[PDB]
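Notes for the one structure printed next.
So that the names make sense, note that chain A is the first sequence line, chain B the second, and so on, each numbered from 1.
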6 protein chains.
Amino acid sequence: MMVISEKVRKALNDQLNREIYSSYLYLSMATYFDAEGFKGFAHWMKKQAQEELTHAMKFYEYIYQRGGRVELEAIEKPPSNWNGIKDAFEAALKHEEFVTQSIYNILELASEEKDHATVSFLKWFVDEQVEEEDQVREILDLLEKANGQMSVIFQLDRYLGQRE
Amino acid sequence: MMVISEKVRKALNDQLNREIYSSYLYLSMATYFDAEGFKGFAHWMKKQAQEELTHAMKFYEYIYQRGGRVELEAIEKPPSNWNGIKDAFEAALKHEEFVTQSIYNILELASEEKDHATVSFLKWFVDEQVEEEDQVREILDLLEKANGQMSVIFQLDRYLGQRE
Amino acid sequence: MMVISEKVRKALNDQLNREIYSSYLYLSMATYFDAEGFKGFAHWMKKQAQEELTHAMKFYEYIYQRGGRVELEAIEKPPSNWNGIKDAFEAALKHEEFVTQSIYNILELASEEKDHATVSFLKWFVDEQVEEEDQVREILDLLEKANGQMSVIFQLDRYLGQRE
Amino acid sequence: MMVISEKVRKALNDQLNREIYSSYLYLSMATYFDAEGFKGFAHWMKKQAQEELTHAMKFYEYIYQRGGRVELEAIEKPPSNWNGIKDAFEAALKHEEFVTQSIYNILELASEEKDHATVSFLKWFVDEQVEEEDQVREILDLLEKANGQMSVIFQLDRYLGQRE
Amino acid sequence: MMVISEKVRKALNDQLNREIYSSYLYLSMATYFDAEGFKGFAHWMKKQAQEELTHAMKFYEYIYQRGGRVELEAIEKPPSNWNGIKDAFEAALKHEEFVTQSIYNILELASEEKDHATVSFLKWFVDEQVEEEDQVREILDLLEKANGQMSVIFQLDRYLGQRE
Amino acid sequence: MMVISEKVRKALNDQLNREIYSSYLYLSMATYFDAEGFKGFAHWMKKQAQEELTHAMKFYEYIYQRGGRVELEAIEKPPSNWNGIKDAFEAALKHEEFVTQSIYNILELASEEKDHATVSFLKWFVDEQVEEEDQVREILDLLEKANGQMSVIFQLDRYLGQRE
Ligand SMILES: CCCCCCCCCCCCCCCCCCCC
Ligand SMILES: CCCCCCCCCCCCCCCCCCCC
Ligand SMILES: CCCCCCCCCCCCCCCCCCCC
Ligand SMILES: [Fe+3]
Ligand SMILES: [Fe+3]
Ligand SMILES: [Fe+3]
Ligand SMILES: [Fe+3]
Ligand SMILES: [Fe+3]
């Protein structure tokens, strides 16, 4: 039997599908960077996409751990074009901040229901979101200091292309 | 400059999006097996989902190798339920055979345009499809011999749950 | 269900039986060389016979991979005598060319039916036939320069007797 | 000079050709098991076929050791269908017993001619036949206890599929 | 005896000589880069010249494999000078695209003659050409971003100078 | 600025192009030996050709070390038919002696202009030419003793085919 409420279950399932979209969005940023010839930035985005899938799968497994079931929904078509390298990363930061607020909404919902198990499960994503936002802000700071100079952009493209 | 025709480029991009859906479909079959309590079958489908992503990324990189560009499209909601283990794998076989026919269509299109580079690139997928169909047919044959016997279904579950 | 046409399955099954005969013929060339006291040439022919069996089993497994079935037919009696070492290799070359044309006929039949999976599977044998024909032409060219000189035939026998 | 009588050479050469047919018969049993979807039983039959070839080559080398020569004959078409797993292994047992009696017949002919070298050479095959018959009787005994229960057949298929 | 048509042997021998010129052209681009003081770009061109020689030798060995012989022709004087770093690489890309179409022409000729051995042999060069064209396009894209800035050109020189 | 005289740079550039032709000539002797079926002699010529390229590149790098520039010239069509094995190696000796005399002419020109750096650089080639002439003279002496005997020519072919 399911030991999460149907509201909490739906919120977790909604977030799972939101995490799938996050993965798709970053792949679409890879398609942009590859079109612009920045294979290192594209590689970073491909790695980021795979990292979002592991986020989706940890929502996946917690739902089944609490006796729930996952239902996959349609994934909306992501943007595919940005006005420059910085515009794509600014869009990524705005998306991660939106993801953080979506995690907060589940946390507050689970808290109102005294679903302590789900509140505590979500804390990993709270801490992880602090990292994901910080890593994009750091990239944005390096792009702002580069100020469009291709010598510095090349060094950061190769650097982000070294992602593990 | 793009050295594939727009027609061939669109055929390859369409197939990339079909591989994305294929991955999503197998993940949704995993959600079905996990809801039914068959963690080994669900594990098999998760491994299958990741294999489809490598198919999409192969199309991805070939498109850019020939000067094209990838555009990600919306992904349709896959089914989430099947009338049994055999029904799910029969749906899997029918989908893989459909995937093979779609690859065949790109091959014949590239062939009539004398796009030998794309014809030759597609050979890996032709050979790979032979094995994808054969492994589902083997599973279906084993499920047919099991004939609903739970002791034998349990053997098949943990066996497929060992997937590499 | 079988996903090769009955025409294509019959062509592959016919070739499987042809590969069995090719194996048998080379064993019968071994019986001739051993009767003549040339154990190195005989050893080469025994290794050649085993190589043909691996070709036959490759056809075997591809047929079942495509949902077909193998039927073994009677194997005709091969010749057991040749007019010297060079005559035997002339027969080997003539046989290998016949095998190559038989592979070609399956390839053209599969291509007419747009059976791309079988066309691509047969590529390995086209390439292998290039090597097998070349191996015998090289031996024949050496025998033509040898002109029957026993010192040269002995070293060639010892060398071919070293085949792994 | 040949130091076996022609009668004994013909007996040994006839048996060599019988071993070739035995190999072909077991390969044909593999085509049956593979058509029935029992890849472990099929694997067992493919290994049995290669072992029969080593028997043929043992007769081969002894014939030449005694100054005789081997003549390969036509290989009859083996049956390709059986009425079940038990029926195939029963046919295998009946064939191995027939092979044993054929070896016994050479032994008695050689001993009548006081060909002690051939009498002694055949001792290895007498002993080998004891094991070949016993290995099939053991398989038949397990199939009789299994009585068609797929739970037991699956494990026996995988077990025989491990034959080295 | 030659088992390729004389038309195909001439097409292959012509392409071998074209590969020889290709190495010479790249060596001549090296002389240009070395005169301009870019040892990394020159090093890249010297590696490219040796790669073209391995292409010529592949054609060489296949011609003899099929019973033909190679005839070397005069090598035309390549251009010595270019209007800049980008101008040289644009000429290289235009040449590689010309080499690809010449290979395409041999494939279509062999295919029309049903010379499946040569058709299948040429697939390696089709695939290699995709890599050769792409490698130069990437360099041209990086040179376009450099926009003449010596700070960025020094990065590309050192980077291309690390080619193995 | 260029610190070799224009006369010395041209003499060196001419010799560079001469070394390219020597490489091409030896490749063409390889085409002859391969057409005649002597893969060992052909192997020797292929190694010699690659050795001539390192000679050319040594001239290449010294020219730029002295501030000069390399200009590649047209390469003449080499001969492709010799009367026999010994005639080809006799032509190889004759060519190397011509190369040695061409090096002598540069050395005497450099010494007259008091270009001690070029005089000292050319000593490596003086000593190297002594070795290259000597190794062809040794092969010719063995071919003269063979006196056309194919058993002995085969031994020399195998021996020269072991060249590293
Ligand atoms: C080498 C680069 C890899 C990039 C991967 C990009 C993935 C994008 C995925 C979009 C969503 C489609 C459905 C994915 C299901 C994945 C299931 C994984 C189970 C472990
Ligand atoms: C030196 C051995 C030469 C043998 C020639 C035999 C020609 C007739 C063969 C008939 C039976 C063939 C059985 C082959 C079994 C191969 C199993 C391989 C499994 C991967
Ligand atoms: C590192 C510089 C390379 C420059 C190559 C220039 C080539 C010009 C053509 C001259 C003849 C080349 C002969 C090459 C023979 C190679 C044989 C290889 C055998 C495996
Ligand atoms: Fe996330
Ligand atoms: Fe796929
Ligand atoms: Fe074969
Ligand atoms: Fe090339
Ligand atoms: Fe030289």
Side-chain angles (χ1 to χ4, degrees), chain B residues 116 120, chain C residues 22 48 51 55 89-108 119 122-145, chain E residues 1-20 53-73 102-128, chain F residues 27-43 45-46 80-81:
Chain B
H116 302 286
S120 150
Chain C
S22 292
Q48 193 55 52
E51 191 172 55
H55 295 185
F89 283 104
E90 299 275 8
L93 174 60
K94 183 189 172 171
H95 178 77
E96 281 308 302
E97 290 174 346
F98 160 77
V99 170
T100 301
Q101 189 58 242
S102 297
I103 303 275
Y104 280 13
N105 296 344
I106 318 179
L107 174 41
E108 287 157 24
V119 163
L122 291 169
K123 184 229 217 297
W124 186 89
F125 297 91
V126 175
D127 296 346
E128 199 65 16
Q129 282 312 103
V130 168
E131 303 287 326
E132 310 226 351
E133 290 186 9
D134 182 47
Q135 271 157 38
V136 177
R137 268 186 215 95
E138 179 176 339
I139 291 161
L140 279 168
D141 187 53
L142 274 36
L143 288 171
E144 289 287 340
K145 300 177 201 107
Chain E
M1 182 196 308
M2 195 165 79
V3 289
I4 41 175
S5 77
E6 234 290 327
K7 269 183 88 174
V8 168
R9 185 223 69 105
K10 193 49 143 91
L12 293 159
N13 192 80
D14 285 359
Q15 190 52 35
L16 188 155
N17 282 283
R18 267 192 291 263
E19 302 286 344
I20 292 278
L53 287 180
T54 74
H55 292 179
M57 292 314 295
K58 267 184 200 329
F59 280 104
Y60 182 116
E61 306 296 347
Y62 180 75
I63 285 166
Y64 285 101
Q65 268 189 316
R66 302 310 273 159
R69 85 155 278 172
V70 172
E71 189 184 354
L72 297 179
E73 299 293 331
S102 323
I103 282 152
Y104 279 14
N105 294 341
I106 309 173
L107 187 158
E108 287 157 27
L109 162 66
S111 161
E112 208 256 318
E113 299 199 349
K114 288 173 187 160
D115 182 2
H116 304 287
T118 303
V119 159
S120 155
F121 160 82
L122 294 165
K123 190 213 183 234
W124 187 92
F125 288 89
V126 168
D127 297 337
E128 203 67 27
Chain F
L27 181 60
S28 192
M29 296 182 171
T31 74
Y32 165 75
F33 289 130
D34 264 315
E36 298 282 324
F38 294 106
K39 308 184 157 187
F41 297 147
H43 169 83
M45 284 298 167
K46 287 156 194 167
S80 67
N81 289 312

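The salt bridge (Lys or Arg N to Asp or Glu O under 4.0 Å) search around C/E131 returns none, not counting sequence neighbours. Scanning for side chain to side chain contact (heavy atoms under 4.5 Å, CB included) contacts around C/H95 gives C/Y21, C/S22, C/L25, C/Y26, C/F98, C/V99, with sequence neighbours left out. Among residues two or more places apart in sequence or in another chain, the salt bridge (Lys or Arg N to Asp or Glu O under 4.0 Å) test is passed with C/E138 by F/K39. Listed by chain and number, the residues in a ring pair (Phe, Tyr, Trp, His ring centres under 6.0 Å) with C/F89 are C/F33, C/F41, C/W44 (sequence neighbours excluded). Annotation: side chain to side chain contact (heavy atoms under 4.5 Å, CB included) contacts of E/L107 (sequence neighbours excluded): B/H116, E/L122, E/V126. Judged as a side chain to side chain contact (heavy atoms under 4.5 Å, CB included), and not counting sequence neighbours, the contacts of E/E6 are E/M2, E/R9, E/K10. Not counting sequence neighbours, C/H55 has no partner by the side chain to side chain donor-acceptor pair (under 3.5 Å) test. By the salt bridge (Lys or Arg N to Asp or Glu O under 4.0 Å) test, F/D34 is found to be paired with F/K46, residues two or more places apart in sequence or in another chain being considered. With sequence neighbours left out, C/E108 forms a salt bridge (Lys or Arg N to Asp or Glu O under 4.0 Å) with no residue at all. Judged as a side chain to side chain contact (heavy atoms under 4.5 Å, CB included), and not counting sequence neighbours, the contacts of E/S111 are E/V119. The side chain to side chain donor-acceptor pair (under 3.5 Å) test applied to E/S5 returns E/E113, not counting sequence neighbours. With sequence neighbours excluded, the residues satisfying side chain to side chain donor-acceptor pair (under 3.5 Å) with C/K145 are C/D141.
For the residue pair F/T31/E/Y60, the side-chain donor-acceptor check at 3.5 Å is not satisfied.
Only one option out of C/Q129, C/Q135, C/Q48 pairs with C/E96 in a side chain to side chain donor-acceptor pair (under 3.5 Å); it is C/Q129.
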